[PDB]
Amino acid sequence: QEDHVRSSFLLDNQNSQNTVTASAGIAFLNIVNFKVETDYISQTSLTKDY
Amino acid sequence: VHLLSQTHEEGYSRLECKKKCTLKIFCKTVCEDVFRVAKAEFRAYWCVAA
């Protein structure tokens with residue numbers, strides 16, 4: 001009896017996360033006040049199995 | 001000798017991933033699926049004695 005067992009496994013994972021926060025606030029002597037902020041979060045995950 | 005030239009259509013879903021880099025600093029690997037109906041023309045012939 002002759003048995004040959006060949007097993008090959010491959011796994012790859014790439015995760016990219018980008019977070020951008022931009023805030024601007026101007027406050028005068030109780031006469032003018034403007035505050036703004038913007039947050040952008042992007043996450044991409046890719047998994048490859050074989 | 002021209003035996004028969006016809007066409008065949010088949011729809012398949014293809015998954016493709018691209019590494020898009022916006023502003024040369026925001027890089028992300030985005031994968032998208034497209035259902036393409038590919039059409040191919042097949043021409044079968046036959047060789048007779050001249």
# chains A, B, ... in the order shown; residues from 1 in each chain; ligands from 1
>>> select_by_dssp(residues="range 2-42 of chain A", states="strand (DSSP E)", output="NGL selection string")
:A and (11-27 or 33-42)
>>> closest_atom_pairs(of="chain B", to="chain A", cutoff="9 Å", atoms="only C-alpha atoms", output="tab-separated table")
residue	atom	partner	partner_atom	distance
B:17	CA	A:46	CA	8.9
B:26	CA	A:18	CA	7.0
B:27	CA	A:16	CA	7.7
B:28	CA	A:16	CA	6.1
B:29	CA	A:44	CA	6.5
B:30	CA	A:44	CA	7.0
B:31	CA	A:46	CA	8.0
>>> residues_around(residues="residue 35 in chain A", least_positions_apart="3", cutoff="8 Å", atoms="only C-alpha atoms", output="NGL selection string")
:A and (23-26)
>>> residues_around(residues="residue 48 in chain A", least_positions_apart="2", cutoff="10 Å", atoms="only C-alpha atoms", output="list in words")
residues 10, 11, 12, 13, 14, 46 and 50 of chain A
>>> write_last_selection(atoms="N, CA, C and O atoms", output="short mmCIF file (atom, residue, chain, number, x, y, z; two decimals), in the first residue's frame")
data_model
loop_
_atom_site.label_atom_id
_atom_site.label_comp_id
_atom_site.auth_asym_id
_atom_site.auth_seq_id
_atom_site.Cartn_x
_atom_site.Cartn_y
_atom_site.Cartn_z
N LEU A 10 -3.56 28.29 1.65
CA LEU A 10 -3.05 29.65 1.53
C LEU A 10 -4.13 30.63 1.97
O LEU A 10 -5.29 30.49 1.58
N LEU A 11 -3.73 31.60 2.78
CA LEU A 11 -4.66 32.63 3.24
C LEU A 11 -3.95 33.97 3.26
O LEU A 11 -2.81 34.07 3.72
N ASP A 12 -4.63 34.99 2.74
CA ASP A 12 -4.12 36.35 2.73
C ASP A 12 -5.20 37.29 3.25
O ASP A 12 -6.39 37.08 2.98
N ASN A 13 -4.80 38.30 4.00
CA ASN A 13 -5.73 39.28 4.54
C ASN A 13 -5.10 40.65 4.47
O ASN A 13 -4.00 40.86 4.99
N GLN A 14 -5.79 41.59 3.83
CA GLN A 14 -5.34 42.97 3.71
C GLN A 14 -6.44 43.88 4.22
O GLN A 14 -7.55 43.88 3.67
N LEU A 46 -10.07 42.70 2.81
CA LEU A 46 -10.09 41.71 1.73
C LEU A 46 -9.37 40.46 2.20
O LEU A 46 -8.22 40.53 2.63
N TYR A 50 -7.43 29.77 -0.24
CA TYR A 50 -7.22 28.74 -1.26
C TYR A 50 -6.83 27.44 -0.57
O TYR A 50 -6.02 27.45 0.36
#
>>> atom_distance(atom1="CA of residue 8 in chain B", atom2="CA of residue 32 in chain B")
25.6 Å
>>> closest_residue(among="A:33, A:47, A:1, A:41", to="residue 20 in chain A", atoms="only C-alpha atoms")
A:41
>>> atom_distance(atom1="CA of residue 41 in chain B", atom2="CA of residue 4 in chain B")
10.6 Å
>>> closest_residue(among="A:27, A:9, A:22, A:3", to="residue 40 in chain A", atoms="only C-alpha atoms")
A:22
>>> decode(residues="chain A", atoms="C-alpha atoms", output="short mmCIF file (atom, residue, chain, number, x, y, z; two decimals), in the first residue's frame")
data_model
loop_
_atom_site.label_atom_id
_atom_site.label_comp_id
_atom_site.auth_asym_id
_atom_site.auth_seq_id
_atom_site.Cartn_x
_atom_site.Cartn_y
_atom_site.Cartn_z
CA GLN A 1 0.00 0.00 0.00
CA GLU A 2 1.31 3.43 -1.01
CA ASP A 3 -0.43 6.61 0.17
CA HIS A 4 0.54 10.14 -0.87
CA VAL A 5 -1.39 12.96 0.80
CA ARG A 6 -0.58 16.50 -0.33
CA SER A 7 -2.33 19.42 1.37
CA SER A 8 -1.73 23.07 0.48
CA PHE A 9 -3.51 25.94 2.23
CA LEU A 10 -3.05 29.65 1.53
CA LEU A 11 -4.66 32.63 3.24
CA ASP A 12 -4.12 36.35 2.73
CA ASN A 13 -5.73 39.28 4.54
CA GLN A 14 -5.34 42.97 3.71
CA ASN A 15 -7.11 45.58 5.85
CA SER A 16 -6.75 49.31 5.16
CA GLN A 17 -8.27 51.94 7.45
CA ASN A 18 -8.19 55.70 6.83
CA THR A 19 -9.54 58.24 9.32
CA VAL A 20 -9.50 61.98 8.59
CA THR A 21 -10.82 64.51 11.13
CA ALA A 22 -10.77 68.22 10.27
CA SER A 23 -12.25 70.72 12.73
CA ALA A 24 -12.22 74.52 12.69
CA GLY A 25 -13.68 76.82 15.33
CA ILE A 26 -13.65 80.63 15.45
CA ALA A 27 -15.03 82.41 18.52
CA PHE A 28 -14.99 86.21 18.70
CA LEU A 29 -16.01 88.38 21.67
CA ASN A 30 -19.48 86.81 22.03
CA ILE A 31 -20.43 88.39 18.68
CA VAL A 32 -19.42 85.73 16.12
CA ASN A 33 -18.96 82.00 16.73
CA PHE A 34 -18.70 79.35 14.01
CA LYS A 35 -17.55 75.78 14.65
CA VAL A 36 -17.44 73.05 11.99
CA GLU A 37 -16.00 69.54 11.91
CA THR A 38 -15.81 66.74 9.36
CA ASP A 39 -14.92 63.10 10.04
CA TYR A 40 -14.34 60.55 7.27
CA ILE A 41 -13.62 56.91 8.11
CA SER A 42 -13.08 54.27 5.42
CA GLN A 43 -12.20 50.65 6.20
CA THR A 44 -11.65 48.00 3.51
CA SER A 45 -10.99 44.34 4.35
CA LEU A 46 -10.09 41.71 1.73
CA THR A 47 -9.48 38.04 2.50
CA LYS A 48 -8.28 35.46 -0.03
CA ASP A 49 -8.42 31.73 0.74
CA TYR A 50 -7.22 28.74 -1.26
#
